[PDB]
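Some notes on the structure that comes next.
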Ligand SMILES: Nc1nc2c(c(=O)[nH]1)N[C@H]1C(S)=C(S)[C@@H](COP(=O)(O)OP(=O)(O)OC[C@H]3O[C@@H](n4cnc5c(=O)[nH]c(N)nc54)[C@H](O)[C@@H]3O)O[C@H]1N2
Ligand SMILES: Nc1nc2c(c(=O)[nH]1)N[C@H]1C(S)=C(S)[C@@H](COP(=O)(O)OP(=O)(O)OC[C@H]3O[C@@H](n4cnc5c(=O)[nH]c(N)nc54)[C@H](O)[C@@H]3O)O[C@H]1N2
Ligand SMILES: NC(=O)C1=CN([C@@H]2O[C@H](COP(=O)(O)OP(=O)(O)OC[C@H]3O[C@@H](n4cnc5c(N)ncnc54)[C@H](O)[C@@H]3O)[C@@H](O)[C@H]2O)C=CC1
Ligand SMILES: Cc1cc2nc3c(=O)[nH]c(=O)nc-3n(C[C@H](O)[C@H](O)[C@H](O)COP(=O)(O)O)c2cc1C
Ligand code: SF4
Ligand code: SF4
Ligand code: SF4
Ligand code: SF4
Ligand code: SF4
Ligand code: SF4
Ligand code: SF4
Ligand code: SF4
Ligand code: FES
Ligand code: FES
Ligand code: FES
Ligand SMILES: [Mo+6]
Ligand SMILES: [S]
């Protein structure tokens, strides 16, 4: 019914139950007590699309593709300002350098790329300098970022990182169960803080950092725990746009 | 004593294996599921919490109970983090400090700085957790707020104005943090989902789906209030008056549940009353009446000085104590010498303590020299004390209210716990929502049936009166089939009698297929219900006035106990045969005599061994013959040979049947004293008047339905100068007895000395233990939470052959419809205590729940005036069309005197205890304008009699 | 054990003959010079007080411990009113409520609403006597204040900046009510008159005759601090 | 007649597990919004309380509290569609109709959806149940042409 947060397992199965998509705390897992108090196996589509292929063609074959930890093929979705968008299914270990400059050409506008946002809006803004960064959960999680559904958009030089960093919190604000404080308020406050920064205040950036930190450490779900990554990334990678 | 009582731990208590852990370097051992927060509480190390309360289950909203745990990543919550063995947790690091400060920063960025002129100053769980964590600066130049009336460019859309529609509490959302304790409480604790969270995110505001609380499904009970930390939801008496300082534990003067309270006091002015988290009866919950309605004690209409008339037509005369008592005792002795001691009598009040009760029955036996005493229980749950006595051995309950937590099925005959006993219905719904099942046998759809998240439910919507037939048929089903427990019968009951009972019941005449005609209930449904009851492991019966107040009440109760013994649902937590006692200290009253055939201890009066004990203890000669009962009193006084009466705390006019008759019998009485607070309907025929005292001014005890003895304390001071036991001894000494009591502790001592069960009772025990079940001798010193746990009292249960006798109040042409009288949540029985409050909102006029199809042909519409042309009288009343009741059934309420409802009610009564037939009366509802011929005269009398000089 | 230990009574203990009286309808027996406030404390009936402490002798500055006494005219103070035999005193009437509310109104009309981010939250004897009496509204649209940095037309002359010269406590006069417990303590208890009251009236501000506390004759000992209710000295 | 439809809808979702969402979907599809006149019967059938229903209705965005215009225009405001020039499109469209973002009317209703799966065909929209992509400042003319 139009609620991002319902992507979380708890909220999802809360929404199935006829209730409102408020995230549950996790003393019990859905596997133990999920839908209607019963044990339930919750999964992504891609994880259930590989099951038949796995069991049929043999697990060992599926175990062949991929890196040491990440095994099997992954689809890379490529959208936004990009010449050849769409989908690219392949084994891990490929760099976004190749995927964005070689495979998918460049940009629709012909301009260069200033940013590439892996993951959704819960994901960082990797610049060109990170073209030496192959795709895998581990290296991307360690290199200040994320790869979830392998999302991949693109922005050219005609983009304003401020606007995007703002849209991030604006999202976390408009999309929010409203259960825990650091996404209710933190977001709609960060959206004011960023405006203040746009003005030029200097009592904002550290404020912003502290906010981001408490949102990371305190928030209940990811939507208010990963939201800071876009911001901090746009700020530390693209300082020439944040006065 | 426990910590749960004084301290608000974080999360509820869990049962399980012991588990050792180290909270902040301190060893703790607690059950498994138990949280970190509760453990840390138990260990003395306090953690910052706003959204976590014991009443409810925890939710990670505030995020302020974050802690660092070895073996975990990040800063998880303690509210949600269950302990595990060998777990080592840290409670206060620099990191956590920073985060908590940040969170409070965010909170307060959207909060007004109206502390220091807010109601909840000194009692806000936000303020004290904002000083705890160490907040010193807020850096967010906020623009989007909820409290600000005026934003930039104009008004704030987010601003929601206050809501003072409710007369007892107020909702100011400007100060709402969205902890949602309010919701959680109305949905987990009470059980009526009246509150929700409208919106997604910052726009999330608490709200009842209505313009105002009043219009909503919210009744009251200030659970929502008791839990709100931040003065958003606040009691008005705290807005007007200041925030309190001290607390004093008492009990409610209502409902017989014994909901214990702690009265908050600022000097001597009662600011509010809030539950205690004690008493097995209420674990921190309440209703509207107890929580809020305590303003009758401060009404202008209360009477504070004695008054004497010397003739009912003549006006009153405000008078001191001495000459009043002189007059009284003079007339009394005169009458005692003229017509005999048997020409006197009393009427005890359940509303009063058990001490005063004991004193009154003494006054009636020791002094007057008779056995003519009585109480309200003749009309509420007398048949009970006969049936359960003939079967088990006790005229009392079987279990606590904590037992229901363990049941797997609830069979409810003749009760409406949502209105009668709210706090019990809550605990019932808590169990219903947790899977348990329900059978309801009323003819009137009760709100217990329409509880939310209900499990399975069967409803036997029968015809009133036919309550034994149904039980007999249940038993027929169980015996025809073979579902009963044979082990139980052989062990705890007799077999010779079981055979006879089975052979009796097994008859096909008592089968569901035949009774369906006269009963109105279907057959299959009944069979199903019976199978379900008989099948369940632990089932429990909770019955009330639908069984008792009939021409066959004792019979029905007996049938019920038979079922309970047959199936095996006795002598265990989770099962039993629980009658829902009504008034406070009905049980105490009946236990301390207050019956004309017994002494304190349900010991008959003809027992010489007991009469001797008491003659010795009181130093006076007593009578061996049993006294009269109220109906007997009135018939006598009509006929003569009854001239005196000392009515303590009861309205014999509005709260008794055949009002005409009772009036005519009360008039033909040379003296009828009154000992109430206000000028009741009874005082319209009185010669004397004595002020009483409220439960706030008293000191003593109250013995509730689960036999618990709650203690009552003194917070105020008697406005009339003397409580009721004081007055009683005044009167007695004035007559010539010569008692000397300075404190009711002495009286309780006397009682412990005389009657068994109370031998171990002492005020210090009540103070320490918190409460006691009255069977507390050297055996069972702690108390007896459950009766019949090891074999029955008489030794062996008894099976009795019940049959359905067609009632005499059958219906005909001129009296085609039936009638039923009942209750409401807001108002108490006659509302002397309650009409003098702000509860005339939910119910300010009595109304008639008629059926549509039974109205169309009459021409009735909602809001129209009708007349109840019955046999024993006539009355006018406002109507209300509803499919709640079945066709050919009508429901009224007697809470208001402006309407005279018991005048309709007939003299017919039970065979054993003579409890009247309230729940059945052949009537004729028709349309009318002129109010009545009786009501007019009544008002005339009341006006010409309630005038003072 | 004694009550003096856990509870801050109003006035010091006096020696003398026993004296019986009735505080709010409760019998009390106490030495002669003993006040009404201390007696009422001993009896459990609490009376609203801000400027009265046991460490020192009482002074009628707050005027919030007013009570109605039979045989007296008006609403005299309990801090200053010594008991006498057969005295019957009333502690909470409508009149007194009104007056106390008014006094707190006046106080708070010159106080910042920095509760909830002040140091002495949960431990301010002003906050808890403002909730006790039942304050719910302030009607004075104040212009002359001490806390306001920025008045109209410019800076506030009355505003005195904080003084953190001392490494152990701090003086923020913005929150000063002039109860003068600080003074009374440094002069009665300790005995080094380092503190005084500079000014006459609204302009009266606590001060040591020096730019800062450190430069003063104030050594330390936080008597001044132990007695300040309102986080001014903290 | 509304009661009949509602009853039909409720009968159609009888015995289901957690059937509040579907029922509401259908109720909306029928009328165009969830009228407060229909918070109660739902609860009565499902054994809920008016409050729970209203809360559910309030939480989710796809349940209209008030009806829309004859036409409806959802316009992505997400990352990708933003990248390939959604702002300009938005501007042109809201100048054409004269209706800003979120502001409705009896004629039309412009609102945001925050994705449609058309992340490559970046500038995307949903006009009256018809998806559109590659919305440059020209196709908007055709968008408005079929839409008065
Ligand atoms: N707020 C509030 N609380 C109260 C009270 C109050 O007035 N207001 N009253 C107090 C007292 S003194 C009382 S007695 C207690 C107990 O009071 P309850 O035990 O709750 O008795 P009632 O509510 O009158 O009705 C019980 C149910 O049985 C129905 N009934 C009628 N005829 C029959 C019949 O033939 N067979 C069956 N199976 N059912 C029938 C009645 O219509 C009703 O639905 O509550 C106490 N608590
Ligand atoms: N039509 C119909 N009639 C019924 C019933 C019904 O359901 N329908 N129910 C029957 C049953 S269940 C019962 S319990 C009766 C109850 O009906 P009542 O006997 O009327 O009991 P209460 O309403 O408590 O009022 C009794 C009086 O005592 C006074 N009182 C209260 N507290 C004190 C105190 O502390 N000290 C003193 N000295 N006085 C006090 C109250 O102010 C009040 O005037 O009604 C019976 N009559
Ligand atoms: N403070 C913050 O910033 C927080 C962020 N997050 C992050 O969000 C990301 C993904 O979100 P979620 O899917 O909500 O959590 P998750 O990734 O921890 O769980 C993964 C899936 O497996 C299941 N699962 C987890 N532990 C299991 C066990 N022991 N046995 C069986 N099944 C188990 C869960 O039900 C879930 O469906 C995670 O990386 C998590 O770290 C989540 C919580 C708070
Ligand atoms: C805000 C948010 C949105 C999410 N959206 C999705 C989603 O669209 N699809 C998905 O499979 N998991 C989503 N998740 C992750 C779920 O919590 C869960 O991990 C996933 O549904 C399980 O599938 P897997 O076992 O294949 O990972 C989301 C989590 C969060 C916090
Ligand atoms: S971070 Fe936001 S969306 Fe996630 S649980 Fe907290 S309030 Fe809900
Ligand atoms: S609710 Fe508590 S924190 Fe908020 S203004 Fe009132 S007292 Fe202060
Ligand atoms: S007072 Fe009781 S019924 Fe009313 S909203 Fe609060 S918890 Fe619910
Ligand atoms: S009304 Fe009170 S209890 Fe309910 S969310 Fe607001 S602050 Fe919490
Ligand atoms: S439930 Fe009964 S005992 Fe408890 S507060 Fe209400 S009326 Fe009093
Ligand atoms: S001194 Fe006391 S009243 Fe003044 S701001 Fe601080 S806590 Fe509040
Ligand atoms: S701390 Fe300094 S100013 Fe305060 S009482 Fe002690 S010596 Fe005096
Ligand atoms: S500094 Fe403190 S003790 Fe001294 S007058 Fe001011 S508030 Fe009172
Ligand atoms: S503190 Fe445990 S979540 Fe609120
Ligand atoms: S209260 Fe006694 S004068 Fe301050
Ligand atoms: S981002 Fe608008 S199409 Fe997915
Ligand atoms: Mo009763
Ligand atoms: S009763």
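A few notes on this one:
- Inter-part distance, region B:844-897 to region C:142-216, computed on C-alpha centroids, equals 74 Å.
- Comparing mean-square fluctuations of A:132, A:149, A:57 from a GNM of chain A with C-alpha springs under 10 Å, the top value falls on A:57.
- Shielding by partners - mean other protein chain Cβ count within 10 Å, residues of C:107-115: 3
- Ordering of A:185-197, B:153-165 by burial proxy (mean other Cβ atoms within 10 Å per residue, highest first): A:185-197, B:153-165
- Residue exposure sequence - B:394, B:322, B:899 - by fewest surrounding Cβ within 10 Å: B:322, B:394, B:899
- Neighbour-count ranking [beta-carbon atoms within 10 angstrom, fewest first] of B:353, B:837: B:837, B:353
- For the protein assembly as shown, the 222 nm mean residue ellipticity estimated from helices alone, with every DSSP H stretch of n ≥ 4 adding -39500 (n - 2.57) and the total spread over all residues, rounds to -7500 deg cm²/dmol.
- Rounded to the nearest 10 degrees, the angle from helix B:422-432 to the longest Cα principal axis of chain B is 60 degrees.
- Comparing C:188, C:125, C:137 in a Gaussian network model of chain C (Cα springs below 10 Å), the most mobile by mean-square fluctuation is C:137.
- Cα gyration tensor, chain A - rounded (a/c under 1.5), prolate or oblate: oblate
- DSSP-defined beta bridges in the protein assembly as shown - what % are antiparallel, rounded to 5: 70
- Peptide B:760-773, shielding by other chains (average Cβ, 10 Å cutoff): 0
- Sorted peptide list for B:326-335, D:72-81, criterion being average Cβ within 10 angstrom, highest first: D:72-81, B:326-335
- Centroid-to-centroid separation of region A:68-115 and region B:739-758 [C-alpha atoms, Å]: 91
- As a proxy for reagent exposure, B:741, D:60 were ordered by neighbouring Cβ count within 10 angstrom, fewest first; the result is B:741, D:60.
- Inter-chain shielding of A:215-228 (mean C-beta neighbours from other protein chains, 10 Å cut-off): 3
- Residue among C:58, C:211, C:112 with the largest mean-square fluctuation in a Gaussian network model of chain C, springs linking Cα atoms under 10 Å: C:211
- Separation of alpha-carbon centers, region B:65-117 and region A:175-234, rounded to whole Å: 18
- When peptides B:699-708, A:78-87 are ranked by their average number of other Cβ atoms within 10 Å per residue, the highest-first order is B:699-708, A:78-87.
- Tensor-based shape of the protein assembly as shown (alpha-carbon gyration tensor, a/c under 1.5 rounded, otherwise prolate or oblate): oblate
- Cα shape, region B:512-665, gyration tensor, a/c 1.5 rule: oblate
Backbone-built Cβ (ideal geometry, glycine too); neighbour counts: all protein chains shown. Just so you know, all these numbers are worked out from the coordinates, no wet-lab data involved.
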